[PDB]
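Next up: a single chain in structure tokens, the form deposited in one PDB entry.
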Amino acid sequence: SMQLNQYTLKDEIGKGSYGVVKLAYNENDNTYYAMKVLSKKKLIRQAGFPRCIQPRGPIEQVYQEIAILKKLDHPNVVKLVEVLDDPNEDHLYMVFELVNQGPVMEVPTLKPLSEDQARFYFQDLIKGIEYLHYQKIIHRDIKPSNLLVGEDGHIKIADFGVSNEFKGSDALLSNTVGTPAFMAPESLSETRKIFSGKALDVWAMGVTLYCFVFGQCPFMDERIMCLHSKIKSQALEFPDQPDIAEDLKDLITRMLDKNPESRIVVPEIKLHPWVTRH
């Protein structure tokens, strides 16, 4: 182990978009936490060398993550509890409440969830996302591997590393970031038309739900250009087995509407018959 202030840093427990996450024991309160450990220089470099324009100050993104996290207080969202950041040190450390069981699934898996368990987790996901959205945050990387399961069997949305805060009613984007199998079709073409950020989160929720019950994404190809083409052009299909409920198929179909103008919205998802039954 190593010591960092009141923390003893131990095994690696996670690795997200940036940095790495270590288990951290707090000797002041006898409690374990999750500590994300980052290099400011490395983050700068990750955005690429100075010369779709690269914005000018890339270290801004981690401080924006921090500012986002400090605004969020919800049972289905991870909780930032401390930031350690010496201006004369290259490292920056973000301390979170620990969510004991870790990610709910790493796609792909041969071991999908049952429909009922998928519903339970999905209900948590809806609570967390509507709260984010209300707080004018889009997550931009919703996927089962960013969903941590607590000892209480509830999910917390994690990894705000590419999240964005918007003003007014929605984020308006020309391009976006995301895990490619989770990105919505409107974000994958070069078009003159911007797109809305909240609907990207819904598409990703849809792909997540599909993954919850089938263990793999609905559109998949190892050739990136073919993956993008399928996202844009391939009709959604469900495998023959496992044989899910028709109302779940309906919900997924609506979340995976390729047209963001008609795609289901969160307040509607909450009231969908699949969500409200048990």
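One rule holds for the numbers: they count along the sequence shown, beginning at 1. Between two forms, the rigid core is defined as the largest C-alpha subset superposing within 1.5 Å.
The following text describes the form deposited in another entry, which does not appear among the structures shown.
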State yes or no: after fitting on the rigid core, is the Cα displacement of residue 15 between the shown form and the other one at least 2 Å? yes
Could you tell me whether the Cα atom of residue 193 shifts by at least 2 Å between the shown form and the other one after core superposition? yes
Once the core is superposed between the shown form and the other one, does residue 215 show a C-alpha displacement of at least 2 Å? no
Explain in one word, closer or farther, how the Cα atoms of residue 236 and residue 17 are placed in the other entry relative to this form, where the distance changes by 3 Å or more. farther
